[PDB]
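>>> sequence, then structure. It's an experimental one.
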Amino acid sequence: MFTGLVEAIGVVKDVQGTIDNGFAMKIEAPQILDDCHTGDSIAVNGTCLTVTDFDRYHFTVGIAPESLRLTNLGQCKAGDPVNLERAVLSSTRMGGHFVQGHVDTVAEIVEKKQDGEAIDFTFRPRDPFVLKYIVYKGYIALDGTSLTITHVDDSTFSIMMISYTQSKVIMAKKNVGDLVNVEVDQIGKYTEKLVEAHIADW
Ligand SMILES: O=C(O)CCc1nc2c(=O)[nH]c(=O)[nH]c2n(C[C@H](O)[C@H](O)[C@H](O)CO)c1=O
Ligand SMILES: O=C(O)CCc1nc2c(=O)[nH]c(=O)[nH]c2n(C[C@H](O)[C@H](O)[C@H](O)CO)c1=O
Ligand SMILES: [Hg+2]
């Protein structure tokens, strides 16, 4: 479980494996390894992954084919920066929201323009149906970043990235064409089943 408040930006140091069988990945991130333990859950670009080994400077993870299929981790190369956030089990969320780290799909950046001190991003999800769980002013996690929806229609959604965030996440420097991990606010899927189980009586 996470908050979507990215703690640091690590750097991929080694990637081995294949798209069909899985990746073994090594990440440099001393900033968040002071309290590491094998088995811990760490979100890499919003993808919850299990620590398989670590030291004061690096930690490794095993990435399953399905994780690589639904996220941008399949494109990872040594040298790439990634958003990182350590797990936390808390029933409270005063900052960010309830991010599970279970990515729904990827979205392509289709527009990026400056609006004052903020950056206006527009994304096109590979799986349009996730848009049914996205609403104006609602939450969403992009590459593990908790953000506020500023616009949404039948094929895209947008967010505004403020100055404070631009220096904390990899999104700031991504461009049109790049992919980001999308995790819609889980509550939406919950209310969907609620109405379904509801009219399941009507
Ligand atoms: O909660 C736990 O105890 C398990 C942690 C965990 N680990 C991995 C992993 O190590 N490798 C993985 O490849 N996946 C893990 N996952 C699932 C992963 O996040 C998911 O496939 C993507 O987000 C796309 O939806 C995990 O949930
Ligand atoms: O809790 C709320 O109602 C606000 C949600 C929220 N929105 C944004 C945003 O829209 N743009 C943003 O640029 N940031 C938002 N943030 C903060 C952002 O996640 C954080 O700076 C990074 O992850 C690094 O820790 C938000 O928390
Ligand atoms: Hg998880």
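Done, it's in. Numbers count the residues shown, from 1 in each chain. Ligands and ions are numbered 1, 2, ... in the order given.

>>> which parts of stretch 56-76 are buried?
For stretch 56-76, burial by neighbour count (16 or more other Cβ atoms under 10 Å) applies to 58-61, 63, 67-68, 70-74, 76. C-beta coordinates here come from the backbone N, C-alpha and C atoms, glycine included.

>>> before we move on, what about stretch 148-164?
Buried, per 16+ other Cβ under 10 Å, within stretch 148-164: 149-150, 152, 156-161.

>>> quick one on the thing from earlier: let's see which of the buried residues of stretch 56-76 end up in strands.
Among the buried residues of stretch 56-76, DSSP state E puts 58-61, 63 in strands.

>>> Serialize those residues to TSV and add fields for distance to ligand 2.
As requested, these are exported to TSV (distance: Cβ to the nearest ligand atom, whole Å):
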residue	distance to ligand 2
58	22
59	19
60	24
61	20
63	22
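
>>> name the nearest of those relative to ligand 3.
Ranked by distance to ligand 3 (Cβ to the ion), these are led by residue 61 at 12.1 Å.

>>> so who does that closest one touch?
By Cβ atoms under 8 Å, 6 or more residues apart in numbering, the contact list for residue 61 reads 24-25, 27, 42, 44, 49-52.

>>> ditto for residue 19
Contacts of residue 19 by Cβ under 8 Å, 6+ apart are 65, 68-69, 74.

>>> can you pull the residues of the chain lying near ligand 1?
41, 47-50, 61-64, 66-67, 70-71, 101-103 (Cβ under 6 Å from any ligand atom).

>>> which one among the contacts of residue 61 gets closest to ligand 1?
Distance to ligand 1 across the contacts of residue 61 (Cβ to the nearest ligand atom) is lowest for residue 50, with 3.3 Å.

>>> give me the secondary structure label for the closest one.
strand (DSSP: H, G, I helix; E, B strand; the rest coil).

>>> rewinding a little: biggest separation within the buried residues of stretch 56-76, which pair?
The span of the buried residues of stretch 56-76, defined through Cβ to Cβ, is set by 58 and 70 at 25.0 Å.
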